[PDB]
Structures are given as C-alpha cells and as structure tokens.
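> My structure is below; once you've seen it, I'll send some questions.
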Amino acid sequence: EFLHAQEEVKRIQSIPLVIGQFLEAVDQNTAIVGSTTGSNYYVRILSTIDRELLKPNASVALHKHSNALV
Amino acid sequence: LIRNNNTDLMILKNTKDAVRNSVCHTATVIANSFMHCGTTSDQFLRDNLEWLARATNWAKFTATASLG
Amino acid sequence: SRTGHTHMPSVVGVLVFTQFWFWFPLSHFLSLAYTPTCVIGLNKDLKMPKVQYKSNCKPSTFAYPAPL
Amino acid sequence: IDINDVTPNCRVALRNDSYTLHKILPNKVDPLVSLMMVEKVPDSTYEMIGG
Amino acid sequence: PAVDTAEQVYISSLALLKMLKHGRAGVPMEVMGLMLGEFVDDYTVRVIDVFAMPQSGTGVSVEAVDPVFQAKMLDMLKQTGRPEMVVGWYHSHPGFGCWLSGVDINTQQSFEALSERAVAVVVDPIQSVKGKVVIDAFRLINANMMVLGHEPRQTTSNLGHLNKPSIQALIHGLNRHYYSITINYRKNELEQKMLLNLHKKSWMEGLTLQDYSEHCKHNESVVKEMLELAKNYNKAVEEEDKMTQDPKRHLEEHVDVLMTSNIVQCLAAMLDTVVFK
Amino acid sequence: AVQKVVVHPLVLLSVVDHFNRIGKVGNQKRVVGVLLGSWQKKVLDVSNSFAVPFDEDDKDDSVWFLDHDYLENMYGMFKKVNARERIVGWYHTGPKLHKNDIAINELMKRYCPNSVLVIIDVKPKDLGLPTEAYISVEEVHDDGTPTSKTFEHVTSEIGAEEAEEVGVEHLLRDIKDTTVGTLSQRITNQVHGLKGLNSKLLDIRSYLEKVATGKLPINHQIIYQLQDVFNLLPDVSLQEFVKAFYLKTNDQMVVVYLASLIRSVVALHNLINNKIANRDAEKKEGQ
Ligand SMILES: [Zn+2]
C-alpha cells in the first residue's frame, strides 16, 4: 500500500500541469501562487519540492484542477 | 425483571429531546427496547404516542419489534 | 451459561445483532443475548419464598446507577 | 476566524465556489519593497572599523 | 413506499468503459446515452451496458434522444441477444463537476415518468484522471415529500452511507432536488483477467537484460550520490550526537534501489547463461 | 498489408460480454462480430466492435448465416455515433478456426479490403494475449506448391486509450500490482519468464514431433525461423566471454556489498538509538 501511495503522488505530479509564479510561502506545505491565467490562488505545496530552491517569484508548475504546486 | 424493573427514563427522555432524524428515532426506539427487555413495561412507548407515531415504513416494523 | 456451557441463544443473538449493519430490524436479536443476573431460591413447592441473601461487600460496587 | 483579526487592506484566502474567508494571509507588500528588507546580515563588524 | 438509502446501481465493466470512452470521445460537447439494464427487485439497478446517442448539437435534453435511433438499435440489440430495458440515461459533464442542472432535472423527470426507478448518471471525463473515476448516479426528490418534512429517502440499513457528498453537488443542490445513489461495480473474474492482459508483461521482458553500459552508468551515478549522502549522514550523526532524518532516509532509498537492480540483473544473467545453453 | 494490430480493453470486454450473453440465452461454440478501428500506417487500431447475428451447421462446416444487413445497419449507427471508426475487420470467439473462416473473411472483404480476423479467446490463458490476428492472403506460392486461400498471422498487441486506461485501472485497483520493481516481484517476473520460455519450447518441440512423424507437412517458414533461432543461440563457454562475465559479476557484487554494508551500519545506528531510548525511558520510570 505504501508503494501504491507513492505511485499516486508521483502521478499527481503529472504532465499537463499549468505554469505559474510562486509568489511567497505562507506556511509549511502551503503557499501563494499566481497562475498565468491571471489569478492568484492560495494553494497547497506537495512534499519535497526543495523548499530551499522554492524562493519567492519562482516559476512552478501547478495542478491543472486543484492548482496545487507540484 | 418486573419486580426489579429499576429503569431510568430521564436519559431516554433526553435522547428523545435531542433526536432530529429518523435514524436516531429508530435508535431511541431500539434503546428503549433494550432497556425494557423482559420487563414488559412499555411506559415510554405508551407516553410518546406522537413520537412513536412519527415512524414510517420499516421504522414501524422496528417499533413493533421493540414492543416484542 | 453459568456452568460454562456455551449459550446458543446468546451467541445467535449476538451474531444476528452484529448483522444489523445490513438490516436494522435484526438489531433486536440482541434480546436473546440478555441473561437475567438473578439468583432465585425455590423450595420444594416450586414457589418463591421470602429469603434474605447475604453478600459481604460494600453497597456501592454492585449498586444500581443513581438517577441523575 | 474572528472578525477582529480581519483588518482593512489585509490578504485573506477564500474557498472555491463559496468565497468563504478561511485564512488571513501575510500582508501584501510590493515585491520591490519586499526584496528590499535585509534577510542575511552582512559580515562586517565594529571590529573591522578603525578610527 | 419510500426508496431507502440502500439502493445501488451496479455498473458493469463494459458499461463503465463505454461511458468513459464516449465522454472523452466527444468532450467538450455534452455526450449522452441510454442504459440497457435491469431493476431486479427494489435495491438493484443493474446497468448491464450503455447505448451512445448521436451528437444532436442542441446540448443534452429530451430533444437529443432521437427516439427512432433508440428504437431501431434497441430492436437490433435484442436481435443480437441483449434484451434489456432502458434503466435511465447517462450524460457527461466535461470538467464542471458531477451533478444535475435544470435541463438534466427535466430529462430525469421525464425518465422517471416513463418508469419511476430510472437513475441519471453523470461522468466527468476531464477530472476522471487515471486512478480516480468521478462518476455519480442520481434520482430526483418529489417536490411534495421534501416540504412534507419527510426525508427524501428511507434509511433502513447502514449500507448506502459511507459516501461523502461532493461540495460541488451540495452547492448545486445535491439533496434539495435529487439524491446521490451508491455506485457498485460488478467485476467478473474473467473480465478482470482480460483487463490484466492490458499491461501484462511478456515472458520476454521478464527474462530480458538491461543494457550493460546503461547499468554500469546507473550504478556509478547512484554510488556517487550515495557517497555524498554518506558524507552528509556522517556530519549529521556527528553534530546531533555532539549537541546531544533526510540523509539516513535518502541513503536507505539509494541502497535499496542499488541492491534490487544489481541483484535482479545478476540473477537474470545467471538464468540466461543456464537456460540458453 | 498490415504489420501490427492493437486491440483495446473495450473490445475485449465487449467480446467477452457478447459471448457470455449468447451462451446464456443458448449454446454455441462461437459468436461473431465486426471490429471497428482506424489505420495509422500499417498499424490497425481496433477500438470498438459489435456483435452480429450468426449461426451455422457445425456438421456441414460450410453453411452459416452471417447477417450482412444487420452488419451494415449497426455500422451505420456506429458511424453516426462516431465517425473515425470504419469497419476494419471481424472477430469470432472460437479457440480454433473453421472452414467457414475463409468464407466469412471473403464476405467481410466487401466491407473492408484489408479485412482482418481477430480470434479473441474468452477462455483466459496465462502466458499470451487473448487475441490472435489473421489476414487472408492468397498468392502463388513461390514454394511451387498448390496455393489455397488461407490465413497468415498478424502481430497483435493490447493498447488502451487514456479514457480506457482510467477505467481499466479503476476496475483492477483491488488486484493491481505495484508499478515499480520490488525485488520479490522482479524475481517472480524472471520465474514467469522461464515458465513462458519453457512453454514456447515445448510447443515448438511438439510441432517438430508431429511434422517429423508425418501428421503435418513441413512448413518452410517455420523451418527457416527455427534454423535462424539455432544459429542465434549464443556460446557461453567462450573464454573471452567467461572473463567479461566474471568481471561484470564482480562489479555488480561489489556494488551489492557496499550497499549491504551501508544498510547494516544504518541498522546498527537505529539499534543504538533504540537502546539509548530504552535506557532513558527506564531511568525516567525508575526516578
Ligand atoms: Zn447536464
């Protein structure tokens, strides 16, 4: 089951993602992004996206539906 | 059991008061049945005729089973 | 049972009651699993005489819950 | 959330399809100003200054 | 009489696959079809198969049923050996949720008038990302019953619950005009084996060997990464034990992958050397 | 000609359901339908199918009643529903062919020039795919032997649309395997590979037995392919190969040794932490 869950996470980090600008980090595993659609969202960050690299105003792909930063 | 039928009615009254849904209604009916099993005392069911009468379909089945 | 024998009505009642997840009316089958915790003295005439049983314990470890 | 923490000109998060206020976010700051505060202090010390 | 919160719609494997195919084969246009199925007694709606409807342009409505096509193909399916009634309809909602809109309510009301058990199913292909099938069945609540205070659906058992209704359906009136029926799937063992045949690996790929140059490159790369993690883990243990995790965990993952890959290829080579002579 | 044919899970499920319903209403050895798909180069994509009424005299072996009118009506309605799906062949759920297969393929060639038979075995096997593909080719045998209109095998595969992959995965969620190589599953896959190789070798040996004794004639393409296989068998006793093999085995084993050493050191660290924690807990409890 652990392997299945890992595979599901790897999947939700999918291909058709939407580009956007990560604007800042609000808390752990959540942050504000502005999608190239022109709207700003308060989305949830997946785990282990190198929060060290995740600096304000950074290009990031977003889940097409949930807008989660993945 | 009838000689020692030291049952408590206030808790059942409180449950009845707090009930809103048919699920909880049949739950109270069954709980009364359990608290009165083998006592042949249907005082709650003979007092709350409106409550007992708000049952429908298989809830009436369950209420009669509670009587039994 | 009191002597250790498996109580068939009780086990059947508990099983069928557990089978209420699929059908509420069967929830009353737990009635079969209710056994009176009674010690009843009978004399030769098969009639219950007024006896006085004596238990050596505090009258709070086995007393009825008080009305609230 | 308590209203009293919701002061004018503060960013708040709104649920989708319901626009229900469910969080108070960091106060908005112009990015040029935000990248203007010092995060990593210089390494100069009063011991590096003489006279 | 009152339908209880225990009825289930059993969507066959073929029915579900046809539904999803039609949805993603006609997105964004609202695709529709009928349900060749069967009401068994009172708690079962067996959707044995589905029945696509030609794109009528005028969205999804009773106008899109095209009854002549319905009758012709139903008769010919009966000829084939598929004599099932039409237990409701299905229609996709490509990406904007899984519920009923006003036209959907009108169509489902017409279907209920035909027979007051038909279920209206909705599939959302857009959010039906592989691994999660967002499908949902529905039936309408009579306007009188809700105002009469009586619940829309009886509740005689715990079955039927355990389903969390969707926020989208709530905001669009899940329980105020209709109610979500529980969807069950009838999976046969033969059907499951046929499905497995899809990605079933071949004995070739089972007995084949990874490219040896690529294997050596991968081993060298992972061993260098594991070296770096070893240095990190040394510093981590030293600092933590002097002032009294990610390095250890990553190092465990790397050692696991190295062991599995190397052992698998070594055994495959052994088996090849023996078997092929 | 067509080099490849990829059948779809929807086609497989529809075929299985057709056979089940026909065998439930009555009894029949085969059930027949039309396969709808599209071409992309010589790679047929059998993305749909539909049953057609059909019965035959299993004694005569040459009388059957495939319904052309029903075929064309269903094909027209399927065209109305979807347009990029033209009749590309037919299927019958019989484990074995029959003398009627050539005649029915001749019938189907009126609706498709490159009509392809696809035998979809409802009985589930365990080594190969459930679909066998055949294309009717009739040409003067360069062999110099009398030529008869017979089938020729076509490479077959199982592929899926994404909208079919979602449904397949959902239906298999309970009995699915991990989409990753776990050492136990990799060893199991190797064992299954050995099983498949043994079964194929047994089939070839049985065919060789039959052709040698005389039951079957010598198929020159079969013999050519077997000759090429035996030419292709490697030589593993070669010294230059044994040395390289030992070199690579030693490299892999040293990597495995380093991995196991690291794993043992990590486990020792974990136990050191556990002993310290137990010491702390018991001291705290005592005090
Ligand atoms: Zn609709």
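Convention: chains lettered A, B, ... in structure tokens order; per-chain residue numbering from 1; ligands numbered from 1 as shown.
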Could you pull out the residues sitting within 8 Å of ligand 1, using only C-alpha atoms and all ligand atoms, and write them as a PDB file with C-alpha atoms, in the first residue's frame?


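Saved to pocket.pdb:
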```pdb
ATOM      1  CA  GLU E  30     -22.183  17.079 -23.658  1.00  0.00           C
ATOM      2  CA  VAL E  60     -28.248  17.263 -23.811  1.00  0.00           C
ATOM      3  CA  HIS E  91     -24.525  12.109 -19.784  1.00  0.00           C
ATOM      4  CA  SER E  92     -21.126  13.672 -19.285  1.00  0.00           C
ATOM      5  CA  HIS E  93     -20.236  16.967 -17.593  1.00  0.00           C
ATOM      6  CA  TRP E  99     -24.322  16.831 -10.642  1.00  0.00           C
ATOM      7  CA  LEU E 100     -27.570  17.801 -12.397  1.00  0.00           C
ATOM      8  CA  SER E 101     -28.534  21.130 -13.956  1.00  0.00           C
ATOM      9  CA  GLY E 102     -32.084  22.239 -14.722  1.00  0.00           C
ATOM     10  CA  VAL E 103     -32.258  20.546 -18.115  1.00  0.00           C
ATOM     11  CA  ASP E 104     -30.822  17.406 -16.522  1.00  0.00           C
ATOM     12  CA  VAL E 122     -23.041  11.701 -14.723  1.00  0.00           C
TER      13      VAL E 122
END
```

> Please give the complete set of residues from chain A that DSSP, run on the backbone, assigns to alpha helix (DSSP H), formatted as a VMD selection string.

chain A and resid 2 to 12

> So that I have them on file, write out the residues from the current selection with N, CA, C and O atoms, as a PDB file, in the first residue's frame.


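Writing done, so here's selection-v4.pdb:
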```pdb
ATOM      1  N   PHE A   2       1.985   1.216   0.711  1.00  0.00           N
ATOM      2  CA  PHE A   2       2.910   2.342   0.718  1.00  0.00           C
ATOM      3  C   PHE A   2       3.443   2.612  -0.682  1.00  0.00           C
ATOM      4  O   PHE A   2       3.517   3.769  -1.121  1.00  0.00           O
ATOM      5  N   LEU A   3       3.810   1.552  -1.403  1.00  0.00           N
ATOM      6  CA  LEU A   3       4.243   1.731  -2.787  1.00  0.00           C
ATOM      7  C   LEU A   3       3.127   2.328  -3.636  1.00  0.00           C
ATOM      8  O   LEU A   3       3.372   3.212  -4.468  1.00  0.00           O
ATOM      9  N   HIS A   4       1.894   1.854  -3.448  1.00  0.00           N
ATOM     10  CA  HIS A   4       0.780   2.402  -4.219  1.00  0.00           C
ATOM     11  C   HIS A   4       0.611   3.892  -3.957  1.00  0.00           C
ATOM     12  O   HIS A   4       0.394   4.675  -4.890  1.00  0.00           O
ATOM     13  N   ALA A   5       0.694   4.305  -2.691  1.00  0.00           N
ATOM     14  CA  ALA A   5       0.541   5.720  -2.364  1.00  0.00           C
ATOM     15  C   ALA A   5       1.660   6.554  -2.980  1.00  0.00           C
ATOM     16  O   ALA A   5       1.416   7.651  -3.506  1.00  0.00           O
ATOM     17  N   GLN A   6       2.896   6.058  -2.916  1.00  0.00           N
ATOM     18  CA  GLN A   6       3.991   6.766  -3.570  1.00  0.00           C
ATOM     19  C   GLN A   6       3.715   6.943  -5.053  1.00  0.00           C
ATOM     20  O   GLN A   6       3.946   8.021  -5.616  1.00  0.00           O
ATOM     21  N   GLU A   7       3.248   5.881  -5.709  1.00  0.00           N
ATOM     22  CA  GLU A   7       2.973   5.965  -7.137  1.00  0.00           C
ATOM     23  C   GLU A   7       1.869   6.976  -7.411  1.00  0.00           C
ATOM     24  O   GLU A   7       1.922   7.715  -8.399  1.00  0.00           O
ATOM     25  N   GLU A   8       0.865   7.036  -6.536  1.00  0.00           N
ATOM     26  CA  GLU A   8      -0.209   8.008  -6.719  1.00  0.00           C
ATOM     27  C   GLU A   8       0.311   9.438  -6.620  1.00  0.00           C
ATOM     28  O   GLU A   8      -0.115  10.316  -7.379  1.00  0.00           O
ATOM     29  N   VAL A   9       1.218   9.699  -5.678  1.00  0.00           N
ATOM     30  CA  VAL A   9       1.791  11.041  -5.573  1.00  0.00           C
ATOM     31  C   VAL A   9       2.620  11.368  -6.815  1.00  0.00           C
ATOM     32  O   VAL A   9       2.502  12.455  -7.406  1.00  0.00           O
ATOM     33  N   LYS A  10       3.481  10.435  -7.224  1.00  0.00           N
ATOM     34  CA  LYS A  10       4.252  10.641  -8.444  1.00  0.00           C
ATOM     35  C   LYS A  10       3.333  10.929  -9.622  1.00  0.00           C
ATOM     36  O   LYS A  10       3.691  11.700 -10.517  1.00  0.00           O
ATOM     37  N   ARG A  11       2.148  10.321  -9.632  1.00  0.00           N
ATOM     38  CA  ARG A  11       1.202  10.556 -10.716  1.00  0.00           C
ATOM     39  C   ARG A  11       0.592  11.946 -10.635  1.00  0.00           C
ATOM     40  O   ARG A  11       0.516  12.654 -11.644  1.00  0.00           O
ATOM     41  N   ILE A  12       0.151  12.358  -9.445  1.00  0.00           N
ATOM     42  CA  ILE A  12      -0.482  13.670  -9.340  1.00  0.00           C
ATOM     43  C   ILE A  12       0.514  14.751  -9.715  1.00  0.00           C
ATOM     44  O   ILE A  12       0.126  15.854 -10.115  1.00  0.00           O
TER      45      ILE A  12
END
```

> Neighbours of residue 115 of chain E within 12 Å (only C-alpha atoms; same-chain residues fewer than 2 positions away dropped), as a PDB file with N, CA, C and O atoms, in the first residue's frame?


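And here is the file that came out, around.pdb:
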```
ATOM      1  N   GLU E  38     -31.416  -3.280 -15.898  1.00  0.00           N
ATOM      2  CA  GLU E  38     -32.467  -4.068 -15.268  1.00  0.00           C
ATOM      3  C   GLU E  38     -32.650  -3.683 -13.805  1.00  0.00           C
ATOM      4  O   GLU E  38     -31.684  -3.686 -13.036  1.00  0.00           O
ATOM      5  N   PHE E  39     -33.877  -3.347 -13.409  1.00  0.00           N
ATOM      6  CA  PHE E  39     -34.212  -3.236 -11.995  1.00  0.00           C
ATOM      7  C   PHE E  39     -34.574  -4.625 -11.493  1.00  0.00           C
ATOM      8  O   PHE E  39     -35.492  -5.255 -12.028  1.00  0.00           O
ATOM      9  N   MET E  85     -34.149  -3.579 -20.729  1.00  0.00           N
ATOM     10  CA  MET E  85     -34.879  -2.324 -20.719  1.00  0.00           C
ATOM     11  C   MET E  85     -33.893  -1.160 -20.688  1.00  0.00           C
ATOM     12  O   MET E  85     -32.675  -1.341 -20.639  1.00  0.00           O
ATOM     13  N   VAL E  86     -34.426   0.056 -20.716  1.00  0.00           N
ATOM     14  CA  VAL E  86     -33.625   1.268 -20.613  1.00  0.00           C
ATOM     15  C   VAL E  86     -33.794   1.782 -19.190  1.00  0.00           C
ATOM     16  O   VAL E  86     -34.755   2.491 -18.883  1.00  0.00           O
ATOM     17  N   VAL E  87     -32.865   1.418 -18.312  1.00  0.00           N
ATOM     18  CA  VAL E  87     -32.915   1.871 -16.915  1.00  0.00           C
ATOM     19  C   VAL E  87     -32.109   3.164 -16.861  1.00  0.00           C
ATOM     20  O   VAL E  87     -30.943   3.207 -16.467  1.00  0.00           O
ATOM     21  N   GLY E  88     -32.755   4.250 -17.256  1.00  0.00           N
ATOM     22  CA  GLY E  88     -32.155   5.558 -17.143  1.00  0.00           C
ATOM     23  C   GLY E  88     -31.161   5.885 -18.240  1.00  0.00           C
ATOM     24  O   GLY E  88     -30.999   5.181 -19.243  1.00  0.00           O
ATOM     25  N   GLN E 108     -34.444  13.844 -16.443  1.00  0.00           N
ATOM     26  CA  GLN E 108     -34.580  12.752 -15.491  1.00  0.00           C
ATOM     27  C   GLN E 108     -36.012  12.639 -14.989  1.00  0.00           C
ATOM     28  O   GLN E 108     -36.476  11.534 -14.696  1.00  0.00           O
ATOM     29  N   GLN E 109     -36.727  13.761 -14.889  1.00  0.00           N
ATOM     30  CA  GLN E 109     -38.145  13.709 -14.557  1.00  0.00           C
ATOM     31  C   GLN E 109     -38.926  12.973 -15.636  1.00  0.00           C
ATOM     32  O   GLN E 109     -39.804  12.158 -15.334  1.00  0.00           O
ATOM     33  N   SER E 110     -38.618  13.250 -16.905  1.00  0.00           N
ATOM     34  CA  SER E 110     -39.272  12.522 -17.988  1.00  0.00           C
ATOM     35  C   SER E 110     -38.975  11.029 -17.898  1.00  0.00           C
ATOM     36  O   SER E 110     -39.870  10.192 -18.077  1.00  0.00           O
ATOM     37  N   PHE E 111     -37.720  10.678 -17.615  1.00  0.00           N
ATOM     38  CA  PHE E 111     -37.363   9.266 -17.499  1.00  0.00           C
ATOM     39  C   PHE E 111     -38.086   8.607 -16.330  1.00  0.00           C
ATOM     40  O   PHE E 111     -38.540   7.461 -16.435  1.00  0.00           O
ATOM     41  N   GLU E 112     -38.199   9.311 -15.204  1.00  0.00           N
ATOM     42  CA  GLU E 112     -38.943   8.776 -14.071  1.00  0.00           C
ATOM     43  C   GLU E 112     -40.408   8.580 -14.434  1.00  0.00           C
ATOM     44  O   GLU E 112     -41.032   7.594 -14.022  1.00  0.00           O
ATOM     45  N   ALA E 113     -40.974   9.511 -15.204  1.00  0.00           N
ATOM     46  CA  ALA E 113     -42.347   9.350 -15.669  1.00  0.00           C
ATOM     47  C   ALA E 113     -42.486   8.090 -16.508  1.00  0.00           C
ATOM     48  O   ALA E 113     -43.460   7.342 -16.365  1.00  0.00           O
ATOM     49  N   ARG E 117     -38.017   4.439 -11.539  1.00  0.00           N
ATOM     50  CA  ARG E 117     -36.781   3.953 -10.941  1.00  0.00           C
ATOM     51  C   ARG E 117     -35.547   4.377 -11.714  1.00  0.00           C
ATOM     52  O   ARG E 117     -34.437   4.141 -11.230  1.00  0.00           O
ATOM     53  N   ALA E 118     -35.694   4.992 -12.884  1.00  0.00           N
ATOM     54  CA  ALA E 118     -34.548   5.317 -13.719  1.00  0.00           C
ATOM     55  C   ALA E 118     -33.572   6.214 -12.973  1.00  0.00           C
ATOM     56  O   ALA E 118     -33.969   7.141 -12.262  1.00  0.00           O
ATOM     57  N   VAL E 119     -32.283   5.933 -13.144  1.00  0.00           N
ATOM     58  CA  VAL E 119     -31.210   6.673 -12.495  1.00  0.00           C
ATOM     59  C   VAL E 119     -30.474   7.476 -13.555  1.00  0.00           C
ATOM     60  O   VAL E 119     -30.196   6.971 -14.648  1.00  0.00           O
ATOM     61  N   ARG E 139     -31.130  10.515  -8.545  1.00  0.00           N
ATOM     62  CA  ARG E 139     -32.558  10.495  -8.819  1.00  0.00           C
ATOM     63  C   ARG E 139     -33.207  11.673  -8.108  1.00  0.00           C
ATOM     64  O   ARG E 139     -32.713  12.146  -7.083  1.00  0.00           O
TER      65      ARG E 139
END
```

> Between chain F and chain E, at 7 Å or less, what are the per-residue closest atom pairs and their distances in Å? Count only C-alpha atoms, order by chain and rising residue number, and return it as a Markdown table.


```
| residue | atom | partner | partner_atom | distance |
| --- | --- | --- | --- | --- |
| F:9 | CA | E:195 | CA | 6.4 |
| F:10 | CA | E:17 | CA | 6.3 |
| F:12 | CA | E:194 | CA | 6.8 |
| F:13 | CA | E:14 | CA | 5.8 |
| F:14 | CA | E:14 | CA | 6.3 |
| F:21 | CA | E:81 | CA | 6.7 |
| F:22 | CA | E:81 | CA | 6.2 |
| F:51 | CA | E:80 | CA | 6.6 |
| F:52 | CA | E:80 | CA | 6.1 |
| F:53 | CA | E:80 | CA | 5.4 |
| F:80 | CA | E:54 | CA | 5.9 |
| F:81 | CA | E:54 | CA | 4.4 |
| F:124 | CA | E:190 | CA | 6.6 |
| F:129 | CA | E:197 | CA | 6.3 |
| F:158 | CA | E:198 | CA | 5.5 |
| F:159 | CA | E:198 | CA | 6.5 |
| F:163 | CA | E:21 | CA | 5.5 |
| F:164 | CA | E:17 | CA | 6.1 |
| F:165 | CA | E:130 | CA | 6.6 |
| F:166 | CA | E:130 | CA | 4.0 |
| F:167 | CA | E:17 | CA | 5.7 |
| F:168 | CA | E:195 | CA | 6.2 |
| F:169 | CA | E:131 | CA | 6.3 |
| F:170 | CA | E:131 | CA | 6.0 |
| F:172 | CA | E:192 | CA | 6.7 |
| F:183 | CA | E:260 | CA | 5.4 |
| F:186 | CA | E:264 | CA | 6.7 |
| F:187 | CA | E:264 | CA | 6.9 |
| F:189 | CA | E:206 | CA | 5.0 |
| F:190 | CA | E:206 | CA | 4.9 |
| F:192 | CA | E:203 | CA | 6.3 |
| F:193 | CA | E:203 | CA | 3.9 |
| F:194 | CA | E:207 | CA | 6.8 |
| F:196 | CA | E:203 | CA | 5.4 |
| F:197 | CA | E:203 | CA | 6.9 |
| F:233 | CA | E:276 | CA | 6.9 |
| F:236 | CA | E:273 | CA | 6.5 |
| F:249 | CA | E:266 | CA | 6.6 |
| F:252 | CA | E:262 | CA | 5.7 |
| F:256 | CA | E:259 | CA | 5.4 |
| F:259 | CA | E:255 | CA | 5.0 |
| F:263 | CA | E:252 | CA | 6.8 |
```

> Output C-alpha atoms for every residue in that selection, as a JSON list (two decimals), in the first residue's frame.


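And here is the file that came out, result16.json:
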```json
[["chain", "number", "residue", "atom", "x", "y", "z"],
["F", 9, "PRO", "CA", -9.80, -3.22, -23.49],
["F", 10, "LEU", "CA", -13.23, -2.06, -24.60],
["F", 12, "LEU", "CA", -12.01, -7.34, -25.20],
["F", 13, "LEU", "CA", -14.76, -6.62, -22.66],
["F", 14, "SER", "CA", -17.41, -6.27, -25.37],
["F", 21, "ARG", "CA", -24.91, -13.31, -23.22],
["F", 22, "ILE", "CA", -25.10, -15.62, -26.25],
["F", 51, "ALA", "CA", -21.88, -8.49, -32.37],
["F", 52, "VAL", "CA", -23.81, -9.70, -35.42],
["F", 53, "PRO", "CA", -26.43, -12.48, -35.51],
["F", 80, "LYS", "CA", -23.50, 8.23, -36.66],
["F", 81, "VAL", "CA", -22.29, 7.99, -33.06],
["F", 124, "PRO", "CA", -8.40, -16.81, -20.11],
["F", 129, "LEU", "CA", -2.59, -12.32, -25.11],
["F", 158, "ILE", "CA", -3.17, -4.78, -26.45],
["F", 159, "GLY", "CA", -3.27, -1.00, -26.12],
["F", 163, "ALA", "CA", -10.13, 7.12, -21.11],
["F", 164, "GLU", "CA", -9.93, 3.32, -21.20],
["F", 165, "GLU", "CA", -6.80, 3.20, -19.05],
["F", 166, "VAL", "CA", -8.63, 5.09, -16.31],
["F", 167, "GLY", "CA", -11.47, 2.58, -16.33],
["F", 168, "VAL", "CA", -9.15, -0.43, -16.52],
["F", 169, "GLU", "CA", -7.05, 0.79, -13.60],
["F", 170, "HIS", "CA", -10.13, 1.58, -11.52],
["F", 172, "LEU", "CA", -8.21, -3.51, -11.30],
["F", 183, "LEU", "CA", 12.81, -7.35, -5.64],
["F", 186, "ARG", "CA", 11.27, -8.91, -10.17],
["F", 187, "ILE", "CA", 12.32, -12.42, -9.15],
["F", 189, "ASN", "CA", 8.82, -11.93, -13.21],
["F", 190, "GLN", "CA", 12.03, -13.81, -14.03],
["F", 192, "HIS", "CA", 7.40, -16.33, -15.13],
["F", 193, "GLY", "CA", 9.78, -15.60, -17.99],
["F", 194, "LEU", "CA", 11.37, -19.02, -17.55],
["F", 196, "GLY", "CA", 6.95, -18.82, -20.75],
["F", 197, "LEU", "CA", 10.18, -19.82, -22.45],
["F", 233, "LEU", "CA", 21.92, -19.45, -29.82],
["F", 236, "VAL", "CA", 28.66, -19.16, -23.19],
["F", 249, "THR", "CA", 29.53, -10.14, -11.94],
["F", 252, "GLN", "CA", 27.78, -5.92, -9.53],
["F", 256, "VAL", "CA", 25.85, -5.02, -3.69],
["F", 259, "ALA", "CA", 25.01, -1.40, -0.34],
["F", 263, "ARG", "CA", 22.44, -0.92, 5.26]]
```

> For chain D, which residue among E:29, E:35, E:171, E:9 is the nearest when counting only C-alpha atoms?

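Checking each of E:29, E:35, E:171, E:9 against chain D, counting only C-alpha atoms, the winner is E:171.
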
> I need the contact residues of chain D against chain A, so if you could list those with any atom within 10 Å, counting only C-alpha atoms, and return them as JSON, numbers by chain, that would help.

{"D": [12, 13, 14, 15, 16, 23, 24, 25, 26, 31, 34, 35]}

> I need the residues of chain D that end up classed as strand (DSSP E) by DSSP on the backbone, written out as a list in words.

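Those in chain D that DSSP calls strand (DSSP E) are residues 12, 13, 14, 21, 22, 23 and 24 of chain D.
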
> May I ask for the distance between atom CA of residue 5 of chain B and atom CA of residue 13 of chain C, given in Å to one decimal place?

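Calculated distance between atom CA of residue 5 of chain B and atom CA of residue 13 of chain C is 22.3 Å.
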
> Quick one: of B:18, B:37, B:11, B:24, who's nearest to residue 35 of chain C, counting only C-alpha atoms?

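So, comparing all the options, the nearest one is B:37.
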
> Between atom CA of residue 14 of chain C and atom CA of residue 30 of chain C, measure the distance and give it in Å to one decimal.

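Result for atom CA of residue 14 of chain C versus atom CA of residue 30 of chain C: 5.4 Å, one decimal.
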
> Using only C-alpha atoms, which protein or nucleic acid residues come within 7 Å of segment 63-68 of chain B? Drop anything in the same chain fewer than 3 positions from it, and give the result as a PyMOL selection string.

(chain B and resi 29-30+33+59-60) or (chain C and resi 28)

> Give the residues of chain B that lie within 8 Å of chain E; count only C-alpha atoms, and format the answer as number ranges by chain.

B: 22-23, 57-59

> Those same residues, written as an mmCIF file, in the first residue's frame with N, CA, C and O atoms?


```
data_model
loop_
_atom_site.group_PDB
_atom_site.id
_atom_site.type_symbol
_atom_site.label_atom_id
_atom_site.label_comp_id
_atom_site.auth_asym_id
_atom_site.auth_seq_id
_atom_site.Cartn_x
_atom_site.Cartn_y
_atom_site.Cartn_z
ATOM 1 N N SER B 22 -34.696 10.358 11.486
ATOM 2 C CA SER B 22 -35.343 9.055 11.598
ATOM 3 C C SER B 22 -34.374 7.978 12.071
ATOM 4 O O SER B 22 -34.778 7.044 12.776
ATOM 5 N N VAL B 23 -33.103 8.073 11.678
ATOM 6 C CA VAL B 23 -32.113 7.105 12.143
ATOM 7 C C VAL B 23 -32.022 7.143 13.663
ATOM 8 O O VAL B 23 -32.108 6.109 14.337
ATOM 9 N N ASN B 57 -42.786 3.212 7.393
ATOM 10 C CA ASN B 57 -42.178 2.106 6.642
ATOM 11 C C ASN B 57 -41.544 1.136 7.640
ATOM 12 O O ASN B 57 -42.225 0.705 8.581
ATOM 13 N N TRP B 58 -40.273 0.762 7.480
ATOM 14 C CA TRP B 58 -39.669 -0.238 8.350
ATOM 15 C C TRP B 58 -39.432 0.277 9.761
ATOM 16 O O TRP B 58 -39.129 -0.521 10.652
ATOM 17 N N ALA B 59 -39.569 1.583 9.992
ATOM 18 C CA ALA B 59 -39.483 2.090 11.356
ATOM 19 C C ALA B 59 -40.628 1.555 12.206
ATOM 20 O O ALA B 59 -40.450 1.281 13.396
#
```

> Between atom CA of residue 49 of chain D and atom CA of residue 36 of chain D, what is the distance, to one decimal in Å?

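Here the two named atoms are 25.1 Å from each other.
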